[PDB]
Amino acid sequence: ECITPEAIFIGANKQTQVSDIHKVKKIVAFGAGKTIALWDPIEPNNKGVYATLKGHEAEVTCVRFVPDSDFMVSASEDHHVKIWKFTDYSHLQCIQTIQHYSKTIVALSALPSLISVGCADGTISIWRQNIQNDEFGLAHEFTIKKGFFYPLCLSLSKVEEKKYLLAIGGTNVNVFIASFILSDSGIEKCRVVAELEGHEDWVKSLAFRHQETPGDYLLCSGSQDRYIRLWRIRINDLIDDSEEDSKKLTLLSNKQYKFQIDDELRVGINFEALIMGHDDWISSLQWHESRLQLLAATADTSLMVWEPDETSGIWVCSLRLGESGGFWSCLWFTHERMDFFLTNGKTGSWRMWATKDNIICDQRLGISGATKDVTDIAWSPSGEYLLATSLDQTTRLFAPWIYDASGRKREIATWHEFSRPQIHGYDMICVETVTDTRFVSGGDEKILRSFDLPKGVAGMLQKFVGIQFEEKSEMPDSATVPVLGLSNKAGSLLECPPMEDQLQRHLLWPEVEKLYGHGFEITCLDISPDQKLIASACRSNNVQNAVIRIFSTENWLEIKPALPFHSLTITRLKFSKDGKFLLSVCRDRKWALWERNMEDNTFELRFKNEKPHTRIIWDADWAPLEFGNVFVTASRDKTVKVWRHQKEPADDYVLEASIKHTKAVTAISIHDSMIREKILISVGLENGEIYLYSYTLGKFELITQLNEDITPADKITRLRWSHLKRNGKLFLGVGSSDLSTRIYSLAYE
Amino acid sequence: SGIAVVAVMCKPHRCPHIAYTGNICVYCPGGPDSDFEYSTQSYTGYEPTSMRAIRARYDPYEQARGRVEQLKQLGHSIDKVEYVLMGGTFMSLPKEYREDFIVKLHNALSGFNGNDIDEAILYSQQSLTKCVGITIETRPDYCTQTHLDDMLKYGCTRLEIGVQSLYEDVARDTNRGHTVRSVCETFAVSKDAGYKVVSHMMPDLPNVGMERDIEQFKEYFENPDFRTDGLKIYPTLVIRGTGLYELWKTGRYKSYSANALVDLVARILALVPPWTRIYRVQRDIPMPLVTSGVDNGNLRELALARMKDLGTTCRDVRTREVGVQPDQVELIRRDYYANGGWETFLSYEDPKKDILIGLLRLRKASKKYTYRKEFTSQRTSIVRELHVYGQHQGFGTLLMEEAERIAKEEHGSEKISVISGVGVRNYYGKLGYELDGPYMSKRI
Ligand SMILES: C[C@H]1O[C@@H](n2cnc3c(N)ncnc32)[C@H](O)[C@@H]1O
Ligand code: SF4
């Protein structure tokens, strides 16, 4: 249709198996909150995250692609196991949801036409694909030890016709290996046959290597004692017979486990190698598709490749790279001649590295996002960037990448992160921009902050985005972190948007002024159109503190009087499209309005009301001066009402029309200009639907509903249109409670 | 070896008695409504624990993990760690923040990654770096039946209450927010739930003179209402932005000279009974911040030297252990009545060298109290801690052999129950005990 998804900014979770990768097509699917995000790391553009997948009502824990098929199995903390399938080429849909186990899922693995589920009460299950449909029936479940054994990770492979081997691990110092034979209906002879000792702490990760030599392959067993012990599994007629009268002093640690599966397939499992190091706990393990390397990720932000070198025999660290937190998951793939190194940290951001022939590694443009909820959105006053703040102590800067390092327009413009202005520890409730160089923010704190844009960002916003900044010899450079306090201190030739380590420390903005006055934590704020007065309101439940405080942005002090109207806590402030009026929208189901003195900056209560809506009211926005003195108000009672200044009896505003929706509407916006004597209004409600309307004097018109595949998955926090118009397209800024920040385009003549 | 003490601080917040009183405590420094930058309540930001918290930005998974592995870069070789929470009024925080806080305290030892409080403690039970207890400090109006069983789910075993005065006028005039007859009633429901109750006391408060301090602490151990298992002596320090700073400014409050204060605490330790311990004699505040009050930071040894030439030996259970070899030991017990129940204090002692080997607490469950479901279907007796220092090995199994024989015969009980922490739940499973909720009990 007309709308097009442009930018998805979602941040990964902190589990050790959030991610997998498809083999033929190269798509990275990582769990991120309640959704399952999809990302393509190889393309001439970068494009960021292109799609998310809905359905879970808790955070996603395990994501695994079924090898050599069109499926994908997922797991979460809502006790459910969902199965996905490709529909055309790069999108998926659920076809089965498991309603079992009554507990969360902690481990997961996959084979062709067979998966395996581990859950947090000591139960290890096996699911099997049947004929004639894509349905997974239950085959067998068991328990190692009832009250004492709790799983962490699972893997399984095949030997030669139908016989499989599964490797259980968790919560103790040993590794459990089972076996089961397949059949036409289900499985049978499922029992535990091995018990692998050697470790000192828990076993966090273990994986099988592919069977390169027929009848001989390896086994990695990483653990929480910083060690990465290996194993080696052989086959029939290659057992390395021992214990004969000419014995070899077998060194009972290498005691060469041995069992039978049924009668005709018997194996031998011995100890191979043992590696120290890693400086801390290790998270994830990966093998290679063809060669004989091994990837390991640790909990001290490190990532190193292990390789058996010649003329020594023993394992040695060949390629090590990485520059607190930790790396949780990691992946490998080769594209044409080189292989890529990608991983994630505690900020929900994907680091990426390229190298040639395992010698020279260099950076590569990765994607990022938030880890907790997104609260507020503020576009630039010229409209080429927007400041998306979140609930995880961060604030972002999202902007397009149009001009490259040379200066040519790229044939597709993509969205990335350029700056991360503040890292200081609060929940960052609200934010609003004043200029292209200054903005005013505020979190759960009794004061407000004010930051200035630095020169190191002004150089690259002018280069890569292509926007003009004049009078640049004044604002300072950028600092790193507040170490002697909490306020930010003062403190080229790039060819790309920056990497993650520059975003963490080398791109914060200096603070110019810290202004006092409220005494409680801030809810919302808004600034006048003439950039002269800032207004704010704090959280309370009392009439004594429900006061709008107005600060002049020159001397950063208070304006003398108070504004004592509301009772509980004000949820929305906006000035008009001129500077004449000022409405307030509160949690006490009523609104107020305040007019300006225009020479003393004093306010007076003029137009009040006491029962506009049934339930409480959330959001409000004004209409342009080409349309009239009009503002709209949404509310918890699943309705939205548009009101106009008319004065036949007296000077007051009265409602014109309304709609009733299905759920409670939480965010509304009006585009700053009109299209052929019609204004554009977009609404958003409490579980992820976004409607956009056209309105003309008491008559609405449902243009279209956004499709369910590209909408947010939780409640809408804000909606703001962009001021700029490029290529005949508009821009909407969407922020929701599914950890995501979205930007939609809309062409409409 | 020993026990590793890892101290964490929660989010900087406001006490909950600022609303209906109008302000916080008179002597309390710091907090959000102060001039110290980004500091927790009752702290200044210049403490070695409070400087690790600000650099961590109060993230519980990263604050605890940086502290644990720091102590094994020095080389303490830790395998038994006991958490303690401090700062603010942790149980006044919202419910969806408190449970997620405690979950990531357990994940820094086990390695499990999840958010369910009912499942994180099960993974933490078979941990190898194990937690022997969590100390959570609170106010006496936050120990109701709704809050005491939330601490049982969290893994808490010891809790600390700021009493700080036994007079009614002092708890009113310092804007403390409760009554002293209310804290002696919530001690009874806490000790019958199975907690090690430790209280805080503060000498040199306003309007309590020199002589009233010594009958304050004589009453504290003679009255069967209080008789707790621990104390933290916290003498009053005047800080910059506090409420009593203006009383120091206008000349309406003056402090003790540092010759009468060390004489006072040389008499307070003389009355300490052998079943309680003195954790602190003063708190870690850097002396450039303090204006009046305690001069130096060596009040512990100056108090032990002042009672050397008085003939009186401090018989404290923090002082009377190995830190000198026993070569022999006797078995004695002590019996006292504390706030509704019959407490007993079994220990292994040497009366000559005055040194302790092990100790144990046990309580008959009363009838006016004990709301818990597991302690109502029959008459039960509660063992509250076991604490053995360091053949010198079988002192644990002797104290459990004797506390069980004394429960069937002299208490007349049908079930004995332990309040063991999560990491030490497996030491009792070998001795025939079985888990039922927070407790590790057994039918007699
Ligand atoms: C949180 C703990 O801090 C102690 N506390 C609070 N204020 C002071 C002070 N000025 N001096 C000493 N201790 C203090 C309280 O007694 C409480 O037990
Ligand atoms: S004393 Fe305890 S309660 Fe009174 S203010 Fe200081 S911290 Fe809050």
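Just so you know, the numbers here start at 1 and follow the chain as drawn.
According to its header, this structure was worked out by electron microscopy, 3.3 Å.
For all residues, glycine too, the Cβ spot is worked out from N, Cα and C.
Sequence annotations record features per position, and here Swiss-Prot assigns [4Fe-4S] cluster binding site to B:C15, B:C25, B:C28. In the shown protein chains, 19 other C-beta atoms lie within 10 A of the C-beta of B:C15 ([4Fe-4S] cluster binding site).
In sequence order, B:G358, B:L386, B:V388 make up the list of same-chain residues 6 or more apart from B:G396 (acetyl-CoA binding site) whose Cβ falls under 8 Å from its Cβ. What Swiss-Prot lists as acetyl-CoA binding site is B:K80, B:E385, B:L386, B:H387, B:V388, B:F395, B:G396, B:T397, B:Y428.
Counted within 10 Å of its Cβ, the other Cβ atoms near B:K353 (ubiquitin cross-link) come to 12, all protein chains included. Marked as ubiquitin cross-link by Swiss-Prot: B:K353.
Filtering B:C28, B:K80, B:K353, B:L386, B:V388 by Cβ distance to ligand 1 (under 6 A) retains the following recorded positions: B:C28. Screening the binding-site residues B:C15, B:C25, B:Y428 for a C-beta under 6 A from any atom of ligand 2 leaves B:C15, B:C25. For B:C28 ([4Fe-4S] cluster binding site), the nearest of the recorded positions B:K80, B:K353, B:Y428 in terms of C-alpha separation is B:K80. Under the DSSP three-state reduction, B:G396 (acetyl-CoA binding site) is assigned to helix. Calculated from their C-alpha atoms, the gap between B:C15 ([4Fe-4S] cluster binding site) and B:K80 (acetyl-CoA binding site) amounts to 32 Å. Using Cα positions, the member of the binding-site residues B:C25, B:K80, B:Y428 nearest to B:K353 (ubiquitin cross-link) is identified as B:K80. Ranking the binding-site residues B:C25, B:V388 by how many other Cβ atoms lie within 10 angstroms of each Cβ puts B:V388 at the bottom. In the three-state DSSP classification, B:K353 (ubiquitin cross-link) falls within coil. B:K80 (acetyl-CoA binding site) falls within a strand segment according to DSSP. The CA atom of B:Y428 (acetyl-CoA binding site) is located 43 Å away from the CA atom of B:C25 ([4Fe-4S] cluster binding site). B:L386 (acetyl-CoA binding site) is surrounded by 20 other CB atoms, counting those within 10 A of its CB over all protein chains shown.
Using the Cβ center of B:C15, B:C25, B:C28 for [4Fe-4S] cluster, the list of other same-chain residues with Cβ within 8 Å runs, in sequence order, B:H17, B:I24, B:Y27, B:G31, B:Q41, B:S42.
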